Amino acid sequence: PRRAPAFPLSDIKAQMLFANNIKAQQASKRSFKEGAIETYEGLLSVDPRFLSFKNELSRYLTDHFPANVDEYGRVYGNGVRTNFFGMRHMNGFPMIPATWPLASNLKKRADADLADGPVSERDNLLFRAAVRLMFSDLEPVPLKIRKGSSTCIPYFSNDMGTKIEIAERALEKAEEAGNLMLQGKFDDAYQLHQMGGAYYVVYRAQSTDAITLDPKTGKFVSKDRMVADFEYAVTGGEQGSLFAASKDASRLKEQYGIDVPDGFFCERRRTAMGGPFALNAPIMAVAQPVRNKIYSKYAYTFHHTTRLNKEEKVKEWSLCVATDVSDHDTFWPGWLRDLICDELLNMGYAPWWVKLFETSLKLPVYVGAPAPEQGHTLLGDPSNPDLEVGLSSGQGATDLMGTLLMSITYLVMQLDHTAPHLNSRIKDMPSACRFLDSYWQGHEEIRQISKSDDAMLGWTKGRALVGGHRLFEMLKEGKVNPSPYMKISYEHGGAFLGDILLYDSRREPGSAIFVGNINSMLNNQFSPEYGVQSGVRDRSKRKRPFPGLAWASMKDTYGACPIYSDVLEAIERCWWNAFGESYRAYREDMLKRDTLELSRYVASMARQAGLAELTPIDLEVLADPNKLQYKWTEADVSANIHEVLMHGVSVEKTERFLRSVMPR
């Protein structure tokens, strides 16, 4: 029932997605590639000492610090959620094949029994009220662009000057492109303004993934990751198959002569979509202002920074429920995209801009190389965007889309199972708006803190509380999905935005605290997602600009973990056995070196002034700017630092553009 149309690279529809320049042409042909990452300068991820080290350290920590998570998924004690075997992957070598992205998720949602539109008028009112509170009184800001990022689509440029140009040109022609699309002229819009085309699909690494040790066999087992072949992806799952990707690393010996120790596997690979920059710029121009609004006015449920920032809110609750959403992005509903557009039109947003936005959520995807001998296929017709991939990762507002979907979904789950007495407060748009406004500010007896699919649901004392406990119990039994919109369950080892909520014997929000996830310290130091890219001169353009700085924020980020010291000591001891050196000393040097290299990028830094002024956040971000795209926002990072990583378009250019978009 409607297979998505598909075109090979050689087809003209695919060829037009790539400009006549070397970069674009190469991106279109890039074949499957693998190899050890350069974990740290001079250290390959498959280095025998390094794998020996990982073998001993993971076995030791698992053995001495088994998980402390109760039947309700709350973690207590040692603050450990699971074993430490996740670090056992040959980083840089992926599971084969990666998945083909689903062209349509309608069947996937229907088969999972999720609704195909708001199920009640109340719900419809709440989603629309969310659009209203989020997109209403926006203040222009400048359009910030990540240094070294690709404009993808037709040009695949990384040059800042070229990006700035593209973005400014896009803010000037967005209106005319939008109108062309309203007339059904997508090709004209793509050809004249590069707004359209496709998302460029690239596979990324989730460096660590669950592994277990079968006490029976003494053998390790990697978690199966299901992937869809092409047939399955273009037919929405109607045909083709869904199967376990192979994580088996034996092949590395045979193929590259790399020695594979027992119990080491290939990495899990996730899909990433690079959006066509001319189309995303007009969207990012509105999206940042929305973020500024929800982070300020609705800071209670949406602005999260420190462990204490979150702790303050949750400590006042009588019950805290850590939720989990299964595969959020691919389940995200296109009907919400259409509801949001509809409400934006109602609020008075420019039609051409809503059209740009709507189209960015229906765009075809160009699949590059999921496995050797596979790929180079465009899914969907750019002449008539109509894909239902769910939520595309590089769209300019994917975080807002997930947050709008989930924040309401969690509220609905609270109303449905614990606070029916609040329904009478939601009768129409005005009252829905008032109620959501109050709820989002933490003023109701039911509350939440969330960011897209990560969240914690709260109940203060009151009528809803007894329901809250029944909901939790429903989640623990896990036989009934509590939401009609997405598959929700409880997180096993509850955490929020990286911080584990540590409970004591009371097992209550009031006497619980937020600590760092010690396992993540280990993932970040021994299993980064990218190599150090030392051949890239401009450090600011690297995926990991200054790896050494994370050493200076380690105590800050993980100090509160019950087993912090023990882990540092096991590391030191295992590093000695593997490398005959002190790990601490190795890091202190890397920390000194990167501190000096940093002063060359920061103006306000003397050619050796210390890290004195920088916050823990600043450092974690300089060592891994990726956290700026899922954990923190420009606002949480010092300004002299933010300029190392980003550049912007003038406020006057975006101000004039915002004005033409908004109602008032």
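Numbering starts at 1 and runs along the sequence shown.
Higher mean CA temperature factor between 76-84 and 362-370: 76-84, per the PDB entry. Mean CA B-factor, 332-340 versus 248-256: the higher value falls on 248-256. The maximum CA B-factor among the listed residues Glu312, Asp399, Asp116, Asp123, taken from the PDB record, is found at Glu312.
When the C-alpha B-factors of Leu17, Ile22, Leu9, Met646 are read from the PDB record, the largest value belongs to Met646.
Remark: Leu465 belongs to the highest third of its chain, ranked by C-alpha B-factor as recorded. Among the modelled residues of its chain, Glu41 has a C-alpha B-factor that falls in the middle third according to the deposited record. Compared with the other modelled residues of the chain, the Cα B-factor recorded for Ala287 ranks in the lowest third.
Residue-level temperature factors show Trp100 in the lowest third of its chain, judged at the C-alpha atom. Sort the modelled residues of the chain by CA B factor and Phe514 lands in the highest third.
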